[PDB]
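Here's the structure we're looking at; comments come further down.
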Amino acid sequence: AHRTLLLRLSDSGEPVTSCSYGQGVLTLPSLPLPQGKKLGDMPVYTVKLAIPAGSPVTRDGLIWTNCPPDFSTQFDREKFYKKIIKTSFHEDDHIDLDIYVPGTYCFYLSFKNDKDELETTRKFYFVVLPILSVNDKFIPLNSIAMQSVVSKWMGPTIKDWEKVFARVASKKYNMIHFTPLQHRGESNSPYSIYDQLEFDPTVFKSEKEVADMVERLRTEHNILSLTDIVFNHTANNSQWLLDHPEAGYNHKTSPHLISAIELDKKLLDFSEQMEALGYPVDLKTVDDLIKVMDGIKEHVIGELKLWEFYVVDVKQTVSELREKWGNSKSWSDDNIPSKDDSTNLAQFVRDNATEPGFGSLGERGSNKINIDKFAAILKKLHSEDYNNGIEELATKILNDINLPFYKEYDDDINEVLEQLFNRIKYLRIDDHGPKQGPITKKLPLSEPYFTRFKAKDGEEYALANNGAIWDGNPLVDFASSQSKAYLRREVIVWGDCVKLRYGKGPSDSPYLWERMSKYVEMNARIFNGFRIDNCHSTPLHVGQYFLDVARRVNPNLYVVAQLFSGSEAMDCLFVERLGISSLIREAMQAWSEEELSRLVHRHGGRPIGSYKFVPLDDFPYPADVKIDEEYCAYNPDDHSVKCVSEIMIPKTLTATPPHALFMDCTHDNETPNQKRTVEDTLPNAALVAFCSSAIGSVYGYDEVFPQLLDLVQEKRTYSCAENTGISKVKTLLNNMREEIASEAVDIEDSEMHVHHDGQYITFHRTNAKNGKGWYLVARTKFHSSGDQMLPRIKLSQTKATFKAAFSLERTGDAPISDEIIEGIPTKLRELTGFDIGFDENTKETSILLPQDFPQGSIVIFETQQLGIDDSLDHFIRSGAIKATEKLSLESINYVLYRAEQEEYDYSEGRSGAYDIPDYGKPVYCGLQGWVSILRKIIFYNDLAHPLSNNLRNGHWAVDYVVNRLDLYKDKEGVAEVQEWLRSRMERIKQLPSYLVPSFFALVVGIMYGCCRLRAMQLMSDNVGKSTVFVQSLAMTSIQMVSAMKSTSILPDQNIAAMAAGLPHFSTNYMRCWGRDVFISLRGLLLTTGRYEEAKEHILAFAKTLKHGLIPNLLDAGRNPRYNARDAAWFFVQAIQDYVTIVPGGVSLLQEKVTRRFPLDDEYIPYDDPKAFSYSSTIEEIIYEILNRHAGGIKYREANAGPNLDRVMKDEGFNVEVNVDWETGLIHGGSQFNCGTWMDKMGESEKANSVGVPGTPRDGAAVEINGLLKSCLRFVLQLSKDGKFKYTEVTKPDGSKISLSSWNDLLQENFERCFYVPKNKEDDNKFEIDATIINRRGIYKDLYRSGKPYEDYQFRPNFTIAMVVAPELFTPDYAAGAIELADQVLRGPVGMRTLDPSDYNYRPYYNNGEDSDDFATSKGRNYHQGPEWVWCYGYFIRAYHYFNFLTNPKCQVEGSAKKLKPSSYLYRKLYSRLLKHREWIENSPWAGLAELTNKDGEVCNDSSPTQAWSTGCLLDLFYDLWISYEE
Ligand SMILES: OC[C@H]1O[C@H](O[C@H]2[C@H](O)[C@@H](O)[C@@H](O[C@H]3[C@H](O)[C@@H](O)[C@@H](O[C@H]4[C@H](O)[C@@H](O)[C@@H](O[C@H]5[C@H](O)[C@@H](O)[C@@H](O)O[C@@H]5CO)O[C@@H]4CO)O[C@@H]3CO)O[C@@H]2CO)[C@H](O)[C@@H](O)[C@@H]1O
Ligand SMILES: OC[C@H]1O[C@H](O[C@H]2[C@H](O)[C@@H](O)[C@@H](O[C@H]3[C@H](O)[C@@H](O)[C@@H](O)O[C@@H]3CO)O[C@@H]2CO)[C@H](O)[C@@H](O)[C@@H]1O
Ligand SMILES: OC[C@H]1O[C@H](O[C@H]2[C@H](O)[C@@H](O)[C@@H](O)O[C@@H]2CO)[C@H](O)[C@@H](O)[C@@H]1O
């Protein structure tokens, strides 16, 4: 049905970790195939990759993967396959990788670099676990019970083995591991295989004989089987080692070990004649070792020629020097240092006059000097005559060359004999282990480092045996040339083995690779899996090829590994590439009771009440996504992986720790009897079995065998004593786990708590889905440490039930049968007396232990949490979509956002945000305020966060989420959204307190995703199908557009109104500024589809026209303020943006709007009937601006005084505007009025800045006239199409200028008046005074302003005209100027409001500073350095247009040669929005800020989410979509 996992990829192609589960491996869940389906009838899993839109890997991007395309295709490690990434700047691309058979699969990416070269990412691996079933029942990988048995101790007949089989079948083990059943070598140890392709002839003969026995175990006792596979060595007496002696490391294949061979045979030649002339054979004296090492420091070390293996033969170089005296003379260079610098001189001869392999160990005299090149230097340095002190000089050089070799020799020798007298002690003289057997044909003084034989080729060989080191890195092959192990004698050799030499591939050892393959695929035909001993010592490429060969034979191969790498990462990397399915963990390794508790905690599961993952605000919500209406698209028999909620966002694939196979005792560690006692066998195996993983045990652990059986020597047979030891308990433990394996699935479905009080260890196991669980109390018997009483066990909101209890007791010692390995007699005594109290008020359960609970005892309780039933996951993950059905884009504002001051408007000052103790308040009262805090908590599973603490300390926040919506209950769909929350929050409170936090975030997160999806559904298609970064900016519309009670856009009705920004510009009069509204009107409402809401805003300000202007501070129409020379032209520009985008937008012009003002600019006749008298259509309103602007406007700030502005003096009150018709631009403003977007009013009394405007923009602002040209260009085409009835503007005096002529006057004079030429030659045409100038290639900021140097200032204001009126700009002048702004005025997220070179560059805004610095005090520096995000929008808007026309690399066109940009241009756009993507991504407030200090430093005062800061970035995405994505 639906077995699809989502694997999100980063901008660099790396997988995204959805949760922090630690250093892990991308593993896919072990689930059975669907009902009646075999391998091949359908895909096992579908990995859906997600590549971001516009990422650097989209540029000519491909997806490589070794996943075979279909089931008919086999697997090859290097046979990758191409997949095309569908590039887009809006829509992310999904690519499926259907998997048909388990194994190891990797993927990498190829893309086009910024250097236009090819580049590749890492190989990223993911593993699909095999499907284990015995008769037909699926065996979950974490319900496996493995019983390891040694072959040579089970009787010499097949039926003798089937007696041992029936014994472990009663103990209810489901899997058996075998030591390899092959013909064993000389030592008969099970790991020195005589012939890998021949099974042990004592028992079986044919291959069907062993295959029929393993299938018998499957059909008789329901037991799967697996075997050890030996890669690293073979027996030291194989009849094929004589034919192919090159399969191992010999003097030919690895010549560096020759120095170690002549030393090993210097001891087999010494340990048989040592005492003959020496003295001590086997004495237990310190002096005996000294004289033995004195016999060593005189007959082996000193008898090997001072080791010429390092030192250059001094006198044999001078002899070979003079022998020719360099007939080939060839040095005239001066690269030789002076003879004084004897250090570099020695290195110089070493770097030039040496045969290849200098320093590299090989033959006896393999480090020699190139004579013809050495005598050439000697003739150059000293003399061309030999008798001129060459014998002294040449020897002086070589002696200094061998000084680092003489000291490398002393460091080697000191380690050879120090390792010797340290092991021969432990080998013989009982330090802690004795057996002092003297000289022998099997036990000399030194163990055999090399196996000697005479091969069939005739020559003699000396293959080495493998072993181990101490703390040495196991990845380093000690048998390779990189290690000096066999020489320095640091090898714990295993004589029965012979280190097998694999190369870089089958090319280095052909017969070894061919024989091991046929040996691996022979066992793969029979068994269900393998066990790899010392896998960390097997090289990766060796195991990768052989495990793939096995999986091609057995597709469901189950691999267990003994993996000990230095880091968890290397262990993960080994599991990633090799395809390992289980990592062995040993319980006997814990030295104390505390270490076993920590080992148990590691593989036990996740904490109780652990957080669950939910797609929050970090996911794209496509409006065209499938859904399960009531979590009903999951039939059980389909075995489909479930999505998180009703929204079918598939289950994310994240790196999880590799699965573990916990062994209470392996076949190599000592017996509980040896390390601890025989009593601890019961609690140890009880804590092991309770873990959430696979378990295993060696045979003899349950039967309480005496001591660890030596796998080399012993020949005794297992005893047939049935039901001994723990056999009765393991039958209860394994059968219990069989019931749990039915419903325990994912990592979030198995929770656990462990406690350690002395010799007791507590294990609480819990299934998070149903509430079921077990409680285990195990008293550990490491040492008999006296009577200890455990306190009262108190369970919260739970009920307990006694299951069983036991105690293992020793009834003396074990028999000493020399024919059968019998165990220790043990009594299994069932216990009682466990008092289970249950308070029926607090629902608390108390458990008390009886005084008779000795060490080596356990007791098991079956628990069940109250409140949690099986139908709880279904109730919470359903109904949220239907609840959000009636939501509107306005109503979703109250569900998710609402700042605290906005909430106070509806609650009259009684509610606000739920103050989380020891933290603060969420940013929004809605769900978003929780989600921003909850996401990083769920990611880190932080149950210690103050939010998690408060959630389990009470139910205050649980009811606060539901009780807020009483303020907004009457709005569209909120009542049904609140009702869903109320019913789910009610069900949550009936749960244990520690489980409220995990379920609280889940209920909030699911209702959040269905609300955010409801937003993409109501909005348009360009938004709903885009990337998270686009949808994140789109939600700002819902944020800003909110109905209030203290304000609105209409004076008669409190309807929806757009805020300038949260939280400061959201309440009362300071909410909707006309300038801020209409700059954002195209980005927040038009780009998203809020046409009706955008029309209401246009009609609302149309009633407030006065002085031929649109008011800045809109007082909902109830007496506003008209200090806005900028508002009217951003307002009329939004009219053009409305008609251009909205289908049928021309209807706006003929929309009557009740003119609440006498057109003759009067005072404030508010309720006077003249307000409700006449109206003016938008058409009239538009022309009213133009005609009155240049024609007739003359006003002082109406109804002024401190009531209006307190600081702005009377000089700023009387302000005006006039168009110089000899240029056509809109001049106006005073040096006392800040009627532009840079509206700053001084207020520092301590600097005499009171009333002084911070940035007065009198004259012709680039933005004002730029929007005027766009207005004129629009109104012309309006009449050409047949609407706008006006064509001539009335001149002030009484004349009549034409509109197209006014449109032409700007076109003929605008760029002439503003542009500053880069060349001083053309300063005579563009009206420039070169004395007051800053940078050339600059478009002006103001024309004939008050202070003429504010004219020639680099500011981001010109780019508004570059976007609304591109016809005023010649391409090369505009592109050359916008590149300067990108190099100077562009911050990371905000646009610098002033050139950093200009003296007035104060880029640190501080409105609390009340000092004497004119700018910094009281925030006068507002627009003199600080970086604003909205100007960045218009900047990159024109950066797209002009760099498209100008530079040709940004062009490639395509279909119908429609001009479409290139990947290089999209790469220049994407790279300038990632600092913006970061901001909203990692900001609590979901949005971009109003301000930003120098280089993105968070301005403390800046409103964190601003309207026109985000709408200006949404404007860019509409251009790239409406002009190319067709
Ligand atoms: O509602 C009726 C109202 O009547 C009178 O109103 C006028 C004010 O007295 C008058 O000063 C002016 O308001 C000015 C404002 O004083 C001025 O400083 C400037 O606005 C700037 C700030 O200068 C600037 O520091 C910054 O302030 C933000 C801050 O950055 C932000 O982090 C957060 O702290 O919020 C602060 C604002 O609260 O930005 C603002 C952006 O405007 O210009 C304003 C005019 O545009 O005009 C008022 C006109 O009614 C009474 O005086 C007033 O008390 C009554 O409330
Ligand atoms: O109650 C309103 C207002 O009354 C007072 O303000 C007035 C001044 O007292 C009065 O002198 C005058 O001040 C202005 C000058 O007439 C004008 O020529 C120019 O110099 O600007 C002066 C300041 O505006 O008129 C104002 C009108 O408000 C009183 O001081 C205020 O506190 C009080 O709010
Ligand atoms: O102060 C001179 C210094 O700053 C300049 O910028 C302004 C200056 O701040 C004004 O006082 C006046 O001199 O006009 C200058 C140009 O607009 C320049 O940025 C700088 O090169 C100059 O040395």
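Within each chain, counting starts at residue 1; across the structure tokens, chains are named A, B, ... in the order shown, with ligands numbered 1 upward in that order.
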*Can you list, as a list in words, every protein, DNA or RNA residue that comes within 8 Å of residue A:995 when you count only C-alpha atoms, leaving out same-chain residues fewer than 3 positions away?*
residues 608, 609, 610, 952, 991, 992, 998 and 999 of chain A
Skip residue A:1162 itself and residues of its chain fewer than 3 positions away, then list as a PDB file with C-alpha atoms, in the first residue's frame all residues within 10 Å of it, counting only C-alpha atoms.
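Below you can see part_16.pdb, which holds the result:
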ATOM      1  CA  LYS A1106      -6.696  64.969   1.561  1.00  0.00           C
ATOM      2  CA  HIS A1107      -4.163  67.570   0.419  1.00  0.00           C
ATOM      3  CA  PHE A1157     -13.605  64.690   3.733  1.00  0.00           C
ATOM      4  CA  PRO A1158     -14.384  67.972   1.951  1.00  0.00           C
ATOM      5  CA  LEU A1159     -12.215  67.840  -1.171  1.00  0.00           C
ATOM      6  CA  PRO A1165     -15.284  67.851   9.932  1.00  0.00           C
ATOM      7  CA  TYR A1195      -1.255  73.219   3.503  1.00  0.00           C
ATOM      8  CA  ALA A1198      -3.971  70.349   9.817  1.00  0.00           C
TER       9      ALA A1198
END
*Find, counting only C-alpha atoms and all ligand atoms, the residue in A:1505, A:1401, A:195, A:1429 that gets nearest to ligand 3.*
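That would be A:1401, the residue with the smallest distance to ligand 3.
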_Which residues are near ligand 2 in this structure, taking near to mean any atom at most 12 Å from a ligand atom and counting only C-alpha atoms and all ligand atoms? Format them as a PyMOL selection string._
chain A and resi 1196-1214+1251
_Selection as a PyMOL selection string: residues within 8 Å of ligand 1 by only C-alpha atoms and all ligand atoms_ = chain A and resi 1064-1065+1068-1070+1112-1113+1115+1120-1121+1202-1208+1239-1243+1407+1418-1420+1422+1500-1503
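The spacing separating atom CA of residue A:1071 from atom CA of residue A:887 amounts to 24.2 Å.
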Which residues come within 7 Å of residue A:65, counting only C-alpha atoms, excluding same-chain residues fewer than 6 positions away, as a tab-separated table (two decimals) with N, CA and C atoms, in the first residue's frame?
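Written out: part_15.tsv:
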chain	number	residue	atom	x	y	z
A	80	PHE	N	26.36	2.19	-10.87
A	80	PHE	CA	25.39	3.21	-10.51
A	80	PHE	C	24.43	3.48	-11.67
A	81	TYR	N	23.41	4.28	-11.39
A	81	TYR	CA	22.39	4.61	-12.38
A	81	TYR	C	22.00	6.07	-12.24
A	106	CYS	N	23.84	2.88	-1.76
A	106	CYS	CA	24.41	4.20	-1.55
A	106	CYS	C	24.01	5.12	-2.70
A	107	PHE	N	24.14	6.42	-2.46
A	107	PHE	CA	23.81	7.41	-3.47
A	107	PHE	C	24.70	8.63	-3.30
A	108	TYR	N	25.10	9.22	-4.43
A	108	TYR	CA	25.84	10.47	-4.44
A	108	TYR	C	25.28	11.35	-5.54
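Using only C-alpha atoms and all ligand atoms, the smallest distance between any of A:579, A:850, A:1403, A:1396 and ligand 3 comes from A:1396.
The spacing separating atom CA of residue A:812 from atom CA of residue A:670 amounts to 19.8 Å.
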*Which residues sit within 7 Å of ligand 3, counting only C-alpha atoms and all ligand atoms, listed as a list in words?*
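Final answer, ordered by chain and number: residues 1332, 1333, 1334, 1349, 1350, 1352, 1353, 1397, 1398, 1399 and 1400 of chain A.
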Okay, now the selection with N, CA and C atoms, as a short mmCIF file (atom, residue, chain, number, x, y, z; two decimals), in the first residue's frame?
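Written output follows (out_6.cif):
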data_model
loop_
_atom_site.label_atom_id
_atom_site.label_comp_id
_atom_site.auth_asym_id
_atom_site.auth_seq_id
_atom_site.Cartn_x
_atom_site.Cartn_y
_atom_site.Cartn_z
N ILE A 1332 31.06 68.57 -4.45
CA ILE A 1332 30.32 67.74 -3.50
C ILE A 1332 29.92 66.47 -4.24
N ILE A 1333 30.76 65.44 -4.12
CA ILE A 1333 30.51 64.15 -4.74
C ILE A 1333 31.12 63.08 -3.86
N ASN A 1334 30.63 61.85 -4.01
CA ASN A 1334 31.12 60.72 -3.23
C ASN A 1334 31.62 59.61 -4.15
N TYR A 1349 24.90 68.00 -0.33
CA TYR A 1349 25.67 66.77 -0.23
C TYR A 1349 24.80 65.56 0.08
N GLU A 1350 23.58 65.78 0.58
CA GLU A 1350 22.62 64.68 0.69
C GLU A 1350 22.09 64.26 -0.67
N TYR A 1352 24.16 63.69 -3.33
CA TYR A 1352 25.13 62.72 -3.82
C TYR A 1352 25.50 61.72 -2.72
N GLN A 1353 24.48 61.03 -2.22
CA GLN A 1353 24.66 60.00 -1.21
C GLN A 1353 24.16 58.66 -1.73
N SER A 1397 31.09 54.88 3.60
CA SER A 1397 32.15 55.87 3.45
C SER A 1397 31.71 57.25 3.93
N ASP A 1398 30.41 57.54 3.86
CA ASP A 1398 29.92 58.85 4.26
C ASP A 1398 30.08 59.04 5.77
N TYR A 1399 30.40 60.28 6.16
CA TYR A 1399 30.74 60.57 7.55
C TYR A 1399 29.59 60.28 8.50
N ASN A 1400 28.35 60.35 8.01
CA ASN A 1400 27.17 60.14 8.84
C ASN A 1400 26.74 58.67 8.87
#
Using only C-alpha atoms, find each residue in stretch 470-549 of chain A having at least one atom no more than 12 Å away from stretch 346-365 of chain A; report its shortest atom-to-atom pair and that distance in Å (one decimal), rows by chain then rising number, as JSON lines.
{"residue": "A:480", "atom": "CA", "partner": "A:361", "partner_atom": "CA", "distance": 11.6}
{"residue": "A:481", "atom": "CA", "partner": "A:361", "partner_atom": "CA", "distance": 8.2}
{"residue": "A:482", "atom": "CA", "partner": "A:360", "partner_atom": "CA", "distance": 9.6}
{"residue": "A:483", "atom": "CA", "partner": "A:361", "partner_atom": "CA", "distance": 10.9}
{"residue": "A:484", "atom": "CA", "partner": "A:361", "partner_atom": "CA", "distance": 9.6}
{"residue": "A:487", "atom": "CA", "partner": "A:361", "partner_atom": "CA", "distance": 10.6}
*Name the residues of stretch 1220-1358 of chain A that fall into strand (DSSP E) according to DSSP on the backbone, using the chain letters and numbers of this document, as a list in words.*
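In stretch 1220-1358 of chain A, DSSP puts these residues in strand (DSSP E): residues 1220, 1225, 1226, 1227, 1228, 1260, 1261, 1288, 1289, 1290, 1296, 1297, 1298, 1315, 1316, 1338, 1339, 1342 and 1343 of chain A.
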Write out the residues from the selection above, keeping C-alpha atoms, as a compact mmCIF listing (two decimals), in the first residue's frame.
# COMPACT_ATOMS: atom_id res chain seq x y z
CA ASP A 1220 9.43 71.80 -11.69
CA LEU A 1225 9.90 65.49 -11.23
CA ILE A 1226 8.06 65.92 -7.93
CA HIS A 1227 9.98 68.36 -5.76
CA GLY A 1228 8.85 69.25 -2.27
CA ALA A 1260 13.03 65.20 -5.79
CA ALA A 1261 13.37 61.78 -4.17
CA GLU A 1288 -4.59 66.83 -19.38
CA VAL A 1289 -3.41 68.02 -15.96
CA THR A 1290 -4.23 71.62 -15.03
CA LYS A 1296 -2.95 72.62 -19.24
CA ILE A 1297 -0.02 70.24 -19.63
CA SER A 1298 -0.63 66.91 -21.35
CA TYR A 1315 22.66 60.00 -12.74
CA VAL A 1316 26.29 60.73 -11.84
CA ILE A 1338 25.80 56.36 -8.86
CA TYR A 1339 22.16 57.30 -9.27
CA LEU A 1342 17.74 63.68 -4.10
CA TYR A 1343 17.69 66.49 -6.66
*Quick one: of A:292, A:1003, A:577, A:961, who's nearest to residue A:279, counting only C-alpha atoms?*
A:292
